[PDB]
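Okay, so here's the structure we're looking at.
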Amino acid sequence: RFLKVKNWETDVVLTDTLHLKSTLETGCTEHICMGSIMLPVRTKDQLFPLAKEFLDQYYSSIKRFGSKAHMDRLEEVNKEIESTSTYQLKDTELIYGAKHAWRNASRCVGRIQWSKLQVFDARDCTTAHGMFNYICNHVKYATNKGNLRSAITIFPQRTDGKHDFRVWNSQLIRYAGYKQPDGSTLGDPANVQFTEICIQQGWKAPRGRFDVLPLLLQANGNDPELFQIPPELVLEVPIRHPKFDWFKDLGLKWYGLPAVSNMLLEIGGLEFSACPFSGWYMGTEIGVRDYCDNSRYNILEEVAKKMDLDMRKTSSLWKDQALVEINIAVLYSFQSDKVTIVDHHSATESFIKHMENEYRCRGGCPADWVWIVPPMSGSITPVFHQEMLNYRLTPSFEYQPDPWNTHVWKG
Amino acid sequence: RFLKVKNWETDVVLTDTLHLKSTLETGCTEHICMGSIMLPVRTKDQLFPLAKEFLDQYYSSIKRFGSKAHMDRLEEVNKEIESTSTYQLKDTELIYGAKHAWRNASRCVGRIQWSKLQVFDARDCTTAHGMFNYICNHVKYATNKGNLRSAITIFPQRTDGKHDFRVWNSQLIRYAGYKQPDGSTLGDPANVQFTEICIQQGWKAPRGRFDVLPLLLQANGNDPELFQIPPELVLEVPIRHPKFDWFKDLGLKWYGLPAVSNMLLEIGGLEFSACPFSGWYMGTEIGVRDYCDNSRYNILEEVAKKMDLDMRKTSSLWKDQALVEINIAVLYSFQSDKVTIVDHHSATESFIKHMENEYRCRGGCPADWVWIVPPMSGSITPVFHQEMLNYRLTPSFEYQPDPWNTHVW
Ligand code: HEM
Ligand code: HEM
Ligand SMILES: Cc1cc(N)nc2cc(-c3ccc(CN)cc3)ccc12
Ligand SMILES: Cc1cc(N)nc2cc(-c3ccc(CN)cc3)ccc12
Ligand SMILES: C[C@H](O)[C@H](O)[C@H]1CNc2nc(N)[nH]c(=O)c2N1
Ligand SMILES: C[C@H](O)[C@H](O)[C@H]1CNc2nc(N)[nH]c(=O)c2N1
Ligand SMILES: [Zn+2]
């Protein structure tokens, strides 16, 4: 079976055959679409078919399918599974797996860059202190004095689910959030629950609006431990506006390195529960969502006030006007400080080129429209008019439950 | 299988049971989601269960499920179908069916108004001249001197596919589009082929930027006919900006009445191929899409120029800045001229409330996130953070082929 997608701005029609290689499920059925739903101990029984499928893909990509090297590897992995109940990936396989997990990430608009991923092998790690060291080196490498470089650090795979490696932070660098007695929130409302866990684990909180959170790191199923990232490793950018001199007086800043640390990397049935990865920001992530979401810093009001906008009726679009200015400031600040950032126009344009390239050389590109279209100015970016097919390929990044909900405490 | 939807800005959770009523299909499977795809002659057999399903929901809605009246009507339609190979809706059923087709339109953000629909029964129409008359009356009623009122006009149902009633226009009111020898396009580019069909069918084009297109009306399957809508029925709004005086110099205006005329209304298995319906605009439909789409009026660059913005790099967000000002102007203009319009903030907020209402009194609300979220400022509107379930309920509005691709001329 063949499937078609149309760009309605350009009438370009592309043909998807890659969706045939899809195994996992979407959540949708013939009678319902769950396209906008945010989120819709493995045995040797089901593991070798997963391993075989991966190795078949791996050896196809290196043009050695059916070779002796391929057949021996399959033999080797098989024996290791019946004997040890799991198996170990070779370095080459790990690197391939991590890159393709990104390549397959249907919600990621930045995938033109997928083949340029620095992979750090941390599978020899054994303790939280070792985790801290590996993560510090990731941050230094990735940050590169403002010239950001994509990277991922991969900690040991799950075994019996009782000895998981986890990074308890949702991102390596994030600001604290504090609920005040009067109901107000200081800092980042998104991080209030995590901030509280940290504080309980012994963190002494500065209680400011932009405090970098400590790392809470769990090795081999043990209780997590607290570590402070050296401040010299945490690159930050003061937010100012190119025409509005009062904007700096809002006292806003943000960190340069987006590094998500709570997802799970699946490769050939193996599960890597600690695998922090990082790239660079698209401006709207900070300027639209981080700053202007009602449930975050929510600075629309103060910015609209200082612009002296008609905030009485919404049909004055004061909200819309402030939003643009805030996003102008974020991009201006990052560029002025020579910290890698990309605007949503550039990024979406790149994605369309990526996607077309992928349809031609790969037979498709799974893509989640709901997530790919930017949170402002949707239809003046070229992905808005682009039809997309969403399906799940492996290797993949998956969601996993927050560890504090599942962890068995040692004491 | 009793599904939940969460709002991530408020933690409000709603439970959907209405989806289990759904009949038709979405285009998705467990292995693929087609949620962003734009577009994914009935026998005696298929007709009677369809009629039964409809009459069942109708008599439940008036709390007379399992009544003599119910069973009698059921038997009456049953006999008429066996006999005539089709059937006719009672007036009350027709009004119910039309209101619920709107109610079920998962892509429509304006559905909080769904039960205040004025239904004009035009099933006695026989000619294009008659169609023109019914359509002029619709337009005048809907427009109401700027105080817009929702309305639908329903022409005779399909019979054998050879006697279809069709409005060939996509909307009752739309501006012409002409391609220049120079290369570009004057007027509305989306309407370039239709503007040509009209001329190709006999229209005399003034070749302006805002020429109201003629109606092309097809009755009983005959060749369609051109009719000019009386200009005093076409309410238009001159577009000016509340702070930029040079804005008027652009020479922009739009029409007040959005009236879509190329869809198909399905009730109880019956197919109404001509059923123009109208409401009032959400501001972004004109200012974001109509004015700023690249394959439309595409005036973004011209506007930014006049604002002296830095158009050298995309990261100046000059497009975004212009986009907002244009949309401020559209709203300002309509509001100034007392022509009904709604901004995307109030409309999306209205929709969340409608959702709340539907989950409470009905058990759910089919909704297509990809279309409900406005084309600008998405995440600062409350629908962005609202999970939605999309499924197809009947009665419904459906797409149908363009007539010129079908009509045996
Ligand atoms: C290099 C520049 C990159 C840019 C500009 C970028 C941009 C984005 C954006 C804007 C999102 C939506 C997230 C949100 O709105 O909160 C996203 C999602 C995502 N990104 Fe990328 N990204 C980049 C690199 C990477 C890398 C290096 C990886 C992994 C190695 C990655 C993996 C993902 C995944 C898995 C998602 C989906 C998250 C989910 O399913 O919820 N990205 N990206
Ligand atoms: C009264 C004010 C109304 C408002 C503000 C409104 C708003 C909207 C908007 C913004 C769209 C998206 C269309 C686009 O982006 O091109 C839409 C779609 C739609 N509207 Fe409404 N609408 C209104 C009334 C109505 C009425 C009266 C009907 C029918 C009786 C209707 C039926 C539909 C349908 C069927 C679609 C989508 C068709 C599809 O592709 O499935 N609307 N509406
Ligand atoms: C590597 C990378 C770069 C970037 N600019 N944004 C990301 C954003 C995410 C991301 C962030 C948040 C969420 C859920 N709110 C889902 C995915 C993950 C990775 C990213
Ligand atoms: C009645 C009404 C009012 C309004 N403001 N917009 C509409 C927009 C539509 C519409 C327009 C186009 C399409 C297909 N692109 C689907 C639906 C239909 C009816 C509308
Ligand atoms: C390809 C994509 O589905 C297409 O551009 C859709 C997306 N969302 C939309 N949403 C609305 N409201 N109206 C539209 O015309 C579209 N177009
Ligand atoms: C409910 C809805 O799916 C949710 O708000 C999504 C919508 N699209 C998104 N798109 C991106 N890029 N990031 C997000 O966090 C979200 N949130
Ligand atoms: Zn779907």
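Because only heavy atoms are used, hydrogens play no part in the values below, and waters and symmetry mates are left out as well, while side chains stay in. Start at 1 and go down the list; that is how both ligands and their atoms are numbered. Chain A is the first sequence line, chain B the second, and so forth, proteins listed ahead of strands; every chain is numbered from 1.
The backbone N or O of A:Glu398 lies less than 3.5 Å from no partner atom in the side chain of A:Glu266, so there is not a single donor-acceptor pair. With hydrogens and angles disregarded, a donor-acceptor distance shorter than 3.5 Å links the side chain of A:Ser22 to the backbone of A:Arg392. B:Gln400 places a side-chain N or O within 3.5 Å of a backbone atom of B:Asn262 that can act as its donor or acceptor partner.
Checking B:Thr153 against B:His138 by side-chain atom types alone, a donor-acceptor pair falls below 3.5 Å. Between the side chains of A:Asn169 and A:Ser261, no donor N or O sits under 3.5 Å from an acceptor N or O. With 3.5 Å as the limit, one finds a donor-acceptor pair spanning the side chains of A:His344 and B:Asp320. A:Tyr297 and A:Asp188 form no side-chain donor-acceptor contact under 3.5 Å, judged by distance and modelled atom types alone.
For ligand 4, the atoms lying closer than 4.0 Å to a non-hydrogen atom of B:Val260 are 9 (C), 18 (C), 19 (C). Atoms of ligand 4 lying under 4.0 Å from any heavy atom of B:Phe277, numbered from 1 in the order shown and given with element: 1 (C), 19 (C). Numbered from 1 in the order shown, with element, the atoms of ligand 1 that lie under 4.0 Å from a heavy atom of A:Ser278 read 27 (C). Listed by number with element, the atoms of ligand 4 under 4.0 angstrom from any heavy atom of B:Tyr281 are 5 (N). Taking every non-hydrogen atom of A:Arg289 and a distance limit under 4.0 Å, the qualifying atoms of ligand 6 come out as 13 (N), 14 (C), 15 (O), 16 (C). The B:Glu387 neighbourhood of ligand 6 comprises atoms 1 (C), with distances under 4.0 Å to a heavy atom of that residue. For ligand 1, the atoms closer than 4.0 angstrom to any heavy atom of A:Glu285 are 10 (C). Ligand-side atoms of ligand 4 in range of B:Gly279: 1 (C), range being under 4.0 angstrom from any heavy atom. The A:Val370 neighbourhood of ligand 6 comprises atoms 3 (O), 7 (C), 8 (N), 9 (C), 10 (N), with distances under 4.0 Å to a heavy atom of that residue. Near B:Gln386, meaning under 4.0 Å from one of its heavy atoms, ligand 6 places the atoms 1 (C). Proximity to A:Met282 (heavy-atom distance under 4.0 Å) selects the following atoms of ligand 1: 10 (C).
Among protein heavy atoms, the minimum distance from atom 30 (C) of ligand 1 is reached at A:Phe277 CB, 3.6 Å. For atom 34 (C) of ligand 1, the closest non-hydrogen atom on the protein side is A:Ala105 CB, 4.0 Å. A:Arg107 CB, 3.8 Å is the protein heavy atom nearest to atom 37 (C) of ligand 1. Residue, atom and distance of the protein heavy atom nearest to atom 15 (O) of ligand 1 are A:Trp371 CZ3, 4.1 Å. The protein atom (non-hydrogen) at minimum distance from atom 41 (O) of ligand 1 is A:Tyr399 OH, 2.0 Å. Of all protein heavy atoms, the one closest to atom 7 (C) of ligand 1 is A:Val109 CG1, 3.9 Å. Taking atom 3 (C) of ligand 4 as the reference point, the nearest protein heavy-atom neighbour is B:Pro258 CG, 3.9 Å. Remark: minimum distance from atom 26 (C) of ligand 1 to any protein heavy atom is reached at A:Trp102 CE2, 3.3 Å.
Under a 4.0 Å heavy-atom criterion, A:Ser106 is not in contact with ligand 1. The shell of residues lying under 4.0 angstrom from ligand 1, judged by heavy atoms, excludes A:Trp114.
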**Report entry** Trace of the side chain to side chain contact (heavy atoms under 4.5 Å, CB included) decision for A:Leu257 with A:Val139
**Finding:** CA-CA 8 Å; A:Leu257 184 73; A:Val139 170; 4.3 Å; yes
Query - Trace of the ring pair (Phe, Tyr, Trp, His ring centres under 6.0 Å) decision for A:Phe334 with A:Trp254 - result: CA-CA 9 Å; A:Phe334 270 62; A:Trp254 205 253; 9.2 Å; no
Report task. List the steps and the verdict of side chain to side chain contact (heavy atoms under 4.5 Å, CB included) for B:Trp371 and B:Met388. Result -> CA-CA 11 Å; B:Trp371 284 65; B:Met388 297 166 193; over 6 Å; no
Report task. Using the side chain to side chain contact (heavy atoms under 4.5 Å, CB included) rule, take B:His345 and B:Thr381 through it: C-alpha gap first, then chi angles, then the decisive distance, then the call. Result -> CA-CA 6 Å; B:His345 302 290; B:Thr381 69; 4.1 Å; yes
Report task. Could you walk me through whether A:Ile32 and B:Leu3 pass side chain to side chain contact (heavy atoms under 4.5 Å, CB included), step by step? Result -> CA-CA 10 Å; A:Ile32 201 154; B:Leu3 300 171; 3.5 Å; yes
Requested in this report: Report the C-alpha separation of B:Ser346 and B:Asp343 in whole Å, then their side-chain angles, then the decisive distance to 0.1 Å, and conclude whether the side-chain hydrogen bond (donor to acceptor under 3.5 Å, both in side chains) test is met.
Outcome: CA-CA 6 Å; B:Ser346 49; B:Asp343 67 76; 3.3 Å; yes
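Taking the side chain as every heavy atom from C-beta outward, A:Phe397 and A:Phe277 approach each other to under 4.5 Å. At a threshold of 4.5 Å between non-hydrogen side-chain atoms, the residues A:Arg296 and A:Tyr291 do not count as touching.
By the definition of a contact as any protein heavy atom under 4.0 Å away, atom 9 (C) of ligand 4 is in contact. Distance check for atom 13 (C) of ligand 4: a protein heavy atom is found below 4.0 Å.
Within the 4.0 Å heavy-atom criterion, neither part of B:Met388 lies near ligand 6. For A:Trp280, heavy-atom contacts with ligand 1 shorter than 4.0 Å involve the backbone as well as the side chain. Heavy atoms of B:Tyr399 found under 4.0 angstrom from ligand 4 belong exclusively to the side chain. With a 4.0 Å heavy-atom cut-off, ligand 1 is reached by no atom of A:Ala101. Residue contacts with ligand 4 for B:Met263 are absent, since no atom lies close enough (heavy atoms, distance under 4.0 Å). In B:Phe384, the parts holding a heavy atom less than 4.0 Å from any atom of ligand 6 are both the side chain and the backbone. Neither the backbone nor the side chain of A:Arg111 comes within 4.0 Å of ligand 1, counting heavy atoms alone.
Among A:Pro258, A:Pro375, A:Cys108, A:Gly283, the residue whose heavy atom sits closest to atom 33 (C) of ligand 1 is A:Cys108. The closest non-hydrogen atom to atom 4 (C) of ligand 4, taken over B:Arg289, B:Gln113, B:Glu285, comes from B:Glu285.
A:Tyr141 has its ring centre less than 6.0 Å from the ring centre of A:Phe120.
Taking the ring axis of B:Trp102 as reference, the NZ or CZ atom of B:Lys99 does not stay both within 45° of it and closer than 6.0 Å to the ring centre.
Other residues, nucleotides and ligands contribute only 12 or fewer heavy atoms inside 6.0 Å of the CD atom of B:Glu349.
On a distance-only criterion, A:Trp371 and ligand 6 share at least one N/O pair closer than 3.5 Å. Considering backbone and side-chain atoms together, B:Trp371 places no N or O closer than 3.5 Å to any N or O of ligand 4. Below 3.5 Å of separation, one finds an N or O of B:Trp280 facing an N or O of ligand 4.
Relative orientation of the B:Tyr255 and B:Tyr281 rings is tilted, given thresholds of 30° and 60° on the angle between their planes.
The ring pair (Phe, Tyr, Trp, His ring centres under 6.0 Å) with A:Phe384 is formed by just one residue from the set A:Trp369, A:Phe351, A:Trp8; it is A:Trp369.
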